[PDB]
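Counting neighbours? That spans all protein chains shown, and the Cβs are built from the backbone with ideal geometry, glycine included. FYI, it's all coordinate maths here, none of it is from the lab.
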Amino acid sequence: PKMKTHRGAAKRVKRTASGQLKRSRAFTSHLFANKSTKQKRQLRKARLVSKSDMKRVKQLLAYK
Amino acid sequence: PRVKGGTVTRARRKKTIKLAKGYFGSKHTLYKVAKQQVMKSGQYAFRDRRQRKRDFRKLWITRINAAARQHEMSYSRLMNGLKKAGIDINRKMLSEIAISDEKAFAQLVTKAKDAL
Amino acid sequence: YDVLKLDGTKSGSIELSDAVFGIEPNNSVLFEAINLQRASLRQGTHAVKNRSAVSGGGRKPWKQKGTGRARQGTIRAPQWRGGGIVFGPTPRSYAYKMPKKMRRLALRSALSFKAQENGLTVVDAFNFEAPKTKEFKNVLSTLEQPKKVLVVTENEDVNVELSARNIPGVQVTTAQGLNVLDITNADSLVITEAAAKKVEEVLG
Amino acid sequence: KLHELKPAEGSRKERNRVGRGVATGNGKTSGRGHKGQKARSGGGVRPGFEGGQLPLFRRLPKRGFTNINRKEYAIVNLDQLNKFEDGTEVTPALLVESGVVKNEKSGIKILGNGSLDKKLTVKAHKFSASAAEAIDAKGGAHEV
RNA sequence: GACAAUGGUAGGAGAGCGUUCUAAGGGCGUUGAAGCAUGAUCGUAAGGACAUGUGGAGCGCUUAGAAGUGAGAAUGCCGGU
RNA sequence: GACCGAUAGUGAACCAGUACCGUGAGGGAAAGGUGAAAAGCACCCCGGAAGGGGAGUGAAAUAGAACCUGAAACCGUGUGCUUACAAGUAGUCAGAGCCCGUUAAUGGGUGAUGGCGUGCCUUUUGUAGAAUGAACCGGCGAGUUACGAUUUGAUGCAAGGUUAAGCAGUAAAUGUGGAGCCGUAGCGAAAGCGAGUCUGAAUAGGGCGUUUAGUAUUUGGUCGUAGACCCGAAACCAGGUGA
RNA sequence: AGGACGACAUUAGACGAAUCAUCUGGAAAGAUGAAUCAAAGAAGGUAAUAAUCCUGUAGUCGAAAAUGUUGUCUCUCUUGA
Ligand SMILES: [Mg+2]
Ligand SMILES: [Mg+2]
C-alpha cells in the first residue's frame, strides 16, 4: 500500500518553492481583550514551520 | 536455497579443542569448558610477555649485589661509579662476567673506586 | 563488414556502416542489460509454511506457571521441532524495466564488440530445399567458424533453423529476435546480406 | 565476454546483516540499544506524535477553501519562442506539437520574460500586459 | 624518508574470509571424489592447503549473480549419554 | 523450477489421521539405504540354545538383515613421563631430569621447583559474587519480502525525461502502446495577476519569490501500511461437546 | 420448440537414423585410437561418466466402438415501412 497524506495537516499548511512549509499563527480565536494592540496586530502575519518541527513531519506531507 | 549447517561446526570446534590439549580433566574434551580456558590462556600470556622482561631484571641485580659485597662494596655504589667513573655502558644482563671470569670482574671494581 | 563469403568467395563487399557497428562500447550499460535478462528467466516458484499454515498447534501445551519447565505457547513455533518458519522464501517476481534509450545502447555495444574482434561474417542468402545437418556442417567447416556461432537470418525460414539444432553452440535467431545475452555468448557472428541491412535499419 | 563481467565502478554495495556476530558491531543488540519502547519488535511510535503533549497540527488553525472550478493556464514565456524560426504563425495546433507545451490544462498564456527577436502571428487564450507589448515592438498580432 | 597518529562499552563509517545454488570459461576423478580421523604447515584476523589411514562416486578453482548465509546461553525444542 | 533432500518438504516417502491419550467434541507423534546380482554364510568344532572361529560366496562381510559413510559426549583394556608433608578458577611465563624422532625448524611428549593469577554471559552507579541462566555432546533455532516515501552512489539522455494496462513474442525481455506523470513560474483564503505577487488608501515598508537542472530505472541506509526481530501471558467473543 | 450423412478433437496403440577394437578394472559408458547418424545432443535405466546397448525423443501414423465440438442438410416458424 502507498502512503496516506495526513489530512489534518494539509488543511493547515501550504508548500512554498524551497520545500519549507507555511502556517498561520496561533491565538487567533477569541479573548481579544486580554491581548494588546501591538500583539493582536502581529498575530496576523504568517510564518514558516520551524527547522525543529520539520524533522518530525517529513513523511506526513509527501504529496504537497 | 536452504543453506544447511554444514561442516563448519566440526572444524571451528576442533581448532579450539586442539589448542587446549594438556589441560586437566574436562578442560581438554568438552567444547564450552576448553573454549573459555583458551580465552584466558592467551590473556595470561599477554601480561607474561610484559612481565618476563622486568622479572629477569630482579635477578641480574641480585647477582651483582651478591658479587660486590665480597669485594666490600654495595650494589648502589657499583652502578654509581660505572656511570660516573667510566662511561661503562649500562648493562646488567652482562653480570655473566661475574659468574664466568672473576679476574675480569675485578678490574671494573678497580675502575669504579678509582674515580668516585 | 569485412567483405563477403559464399564458401570461399567474395562479392560486392558492403561497407555502408553506421553507428550500429562502430560506437565505443560502454560496459556499465552492457552489464546491466544482462542482469535484466538473466534475472528475468527465473520463475520463482518457491514457498514455505509459517506459524499460521502448519497443521494444528492451537492448544496451549499446558506449561504456564507451576510446572517447572519453560513457558511455551504452541507446539508449532520456530523454536520447536515441527513447523513454523520465521522468514522464509515467498513467491515473488524478478523483473525491472530500463529506459528505451538504454536498451538501444546495449545492442550498439554488443554488435560493436564483434567488428573490433573480427567476429563478424556476412554471407549471401543460402537456400536449403530440405534441411540436412550434414549439408550444413560442410558449410561451417570451410567458413572457419568457431565452436559457438550465432546465425542471423532475416525471416525465419522453415528449412534453415531446422538444420543446425543439434550442433552444440549454434543458435539461429531472426533479425528482430536478437538479444544481448545471445550476442555476448557467441564467438563469431554470421549475418545474411538481406538481414545486415535489416538490423541496421532498426537502429542506424 | 560472458565468463568475465565487471560491474560499474562504485555502483554496487554490500548490505548490513545485524545480529550475526560480536565484532561486526551490530551484534547481540542489532543496533537499537538497551531496553525501552523503540527497542521492541514493532515498537517506535507514530510520526508526528510528541508523546502526550498536543502536536504541532493541533496547535495551528485551519485556513482556506477550494474554489471547485479553478481554471489553470499553461505558461509559455517569450524566451521559448525563439525556437520557431521563419515567420511562423504560433497556433495551439503548433505550439503543442513541437514540444513547447506538453499536456496543457486549459488555454495557453503567453507571459513575457524573454524576447521574441522575430515577427510572429500569435494566437493565445490570454495574454499578459507586458507580453502584449514586446510583440508590438517587433510588429506582431493578437487573437483571444 | 622524513615527521605524525593507533585503550575503548551504546552507536556511525569503511574493508574482508566462509557456506549451499545458478550462468560462462577452464580442470581434476575407480592408477580413486565428497565425508570422517591423525599431524611438528601457511596468512595481520575470520580462514587455506598438503602428506599417509579409513571411505566407494561425485566434487573444487578465477570473474559476476542470488540468499531458508555463520550458534555458548532464550528455566529454548526433539534425540543420545 | 538459481524450490526441499529424512529434526528438511505435507501431519504422513515406512499399509497415517494409524499406534496411543479422552466419556465426548477433539488432540497425535514415531519410521527410510545389504550387494551390480541373494550368489542371505554348505560342512567341521565349543554350546541346552543364543552368540561365536574357522572354511566358503563376494570387488570388500574390518557391507552378515543390531546390514552405506560412522563425528562428539560417555564406559573400557593396554603402555613412555609422573604423583602418598601437601592449601590448588587448574592456566600462564622461567626451568632441571627422563623417554622419543616431524610437513626440518633455532623441533615433539612429560613437568621436581619459583613468580604472577578470585570462571563465562545477561542486567547494573558497581558482580568472584552467596544476584539470573546452562548436566554434558550433537542437530534445529531470530531485522525478511512486497507496494509506496525520502536521501546517497551509479548510468542514459538533458528544456526536455518517461511510459501504464493491453496486443504480437520460447512462463521469450523487446518491438509497438504518449491515456498519464514530474519538470520549464511563482503569488493569494479566493476572484485573479504573472518575473512578479499578496497585505495596504499608498512598492512607502516588509512575507514568499526571480536570474536556472531536471527526470527514468537500479546499489546501500532509514521511515510508513502490512503479525514486521524472535519467544511468553492473565483475559475477551463466536459455534459446539459433556450430569 | 422435435433428426441423419463425415470432417476434427479425446480415452488404447504402432513405426522411429547411427561404434568397433585395445589399457587399468570384479565390471566400460572412462582416458588413448580410429567411425558414423543428426527435423532426432530432452530425460531415465543398464556391473562406473553412453548422440549410436535398452526404453525412448524430432517426425510421421492409428479407432470396432462410447461421448464431445462445430460446418450445411433437413425440419419448425415469420410481414415490412
Ligand atoms: Mg559458591
Ligand atoms: Mg445419574
Among GluC sites (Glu not before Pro) in the range B:19-113, those in a DSSP loop whose Cβ has at most 10 other Cβ atoms within 10 Å are B:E72
Given a Förster distance of 56 Å, the FRET efficiency implied by the Cβ-Cβ spacing of C:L16 and C:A70, rounded to the nearest 0.05, works out to 0.10
Residue-normalised 222 nm signal for the protein assembly as shown, counting each DSSP H run of n ≥ 4 as -39,500 (n - 2.57), nearest 500 deg cm²/dmol, is -5000 deg cm²/dmol
FRET efficiency (A:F32, C:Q43; Cβ distance; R0 56 Å; to 0.05) is 0.20
The simple spin-label model distance between D:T121 and C:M102, using points 7 Å out along Cα→Cβ, in nm, is 4.5 nm
Out of C:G44, D:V45, D:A23 - ranked by how far each Cα lies towards the positive end of the dipole of the protein assembly as shown, with unit charges on the beta-carbon of charged residues - the top one is D:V45
Computed Rg/Rh for chain A (Cα atoms; Rh = Kirkwood radius) stands at 1.08
Log entry: pair-distance distribution for the range C:137-204, C-alpha pairs binned every 10 Å from zero, whole % per bin is 20, 56, 23, 1
The farthest towards the positive end of the charge dipole of chain B, of the residues B:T110, B:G86, B:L19, given +1 on Cβ of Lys and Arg and -1 on Cβ of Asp and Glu, is B:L19
In this structure, the FRET efficiency calculated for B:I89 and B:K18 from their beta-carbon separation, with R0 = 56 Å, to the nearest 0.05, is 0.75
For B:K40, placing the label point 7 angstrom along Cα-to-beta-carbon and taking the range B:8-26, residues whose amide nitrogen sits under 13 Å are B:24
Treating only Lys and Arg (+1) and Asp and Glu (-1) as charged, each at its beta carbon, one finds that chain B has a dipole about its Cα centre, in Debye to the nearest 20, of 1600 debye
In debye to the nearest 20, the charge dipole size for chain D, taken about the Cα centre with +1 at each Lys and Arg Cβ and -1 at each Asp and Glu Cβ, equals 1960 debye
Averaged over the residues of D:54-66, the number of partner chain Cβ atoms within 10 Å of each residue's own Cβ comes to 6
Computed over the protein assembly as shown, the distribution of all Cα-Cα distances in 10 Å bins, rounded to whole %, is 3, 8, 9, 10, 13, 14, 13, 10, 8, 6, 4, 2, 0
Sparse-neighbourhood loop hits (chymotrypsin sites (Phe, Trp or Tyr not before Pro), the range D:3-82; DSSP loop; Cβ within 10 Å at most 15 others) -> D:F49, D:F65
In nm, the gap between the two label points placed 7 Å beyond Cα toward Cβ at A:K51 and C:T142 is 8.3 nm
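Go through the range C:115-197 and name the GluC sites (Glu not before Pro) that are in a DSSP coil and have 15 or fewer other Cβ atoms within 10 Å of their Cβ.
C:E117, C:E129, C:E144, C:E156
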Quick calc, the protein assembly as shown, dipole around Cα centre from Cβ unit charges on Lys, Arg (+) and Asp, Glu (-), nearest 20 debye, gives 7920 debye
Checking rank on C:67-74, A:53-60, with mean other Cβ inside 10 Å and highest first, the result is A:53-60, C:67-74
Over its alpha-carbon atoms, chain D yields an Rg and a Dmax in Å of 30.1, 79
Simple spin-label estimate for D:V18/C:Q171, 7 Å along Cα→Cβ, in nm, reads 4.3 nm
A convex hull over the alpha carbons of the range C:41-143 yields, per residue, a volume in Å³ of 300 Å³
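Which value, to two decimals, describes the C-alpha radius of gyration of chain C once divided by 2.2 N^0.38 Å? Working shown, then result.
Numbers: Rg = 27.9 Å, N = 204, 2.2 N^0.38 = 16.6 Å.
It is 1.68.
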Both in Å, the radius of gyration and Dmax of the C-alpha trace of chain B are 26.4, 87
Listed by chain and number, the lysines with an alpha carbon less than 20 angstrom from that of C:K132, same-chain partners under 8 positions apart left out, are C:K147, C:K148
Partner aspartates and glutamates whose C-alpha sits under 15 Å from that of B:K40, ignoring same-chain residues fewer than 8 away, are B:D48
Links exceeding 22 Å between C-alpha atoms in this model, out of A:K22/D:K38; C:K100/D:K83; A:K11/A:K58, come to A:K22/D:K38; C:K100/D:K83
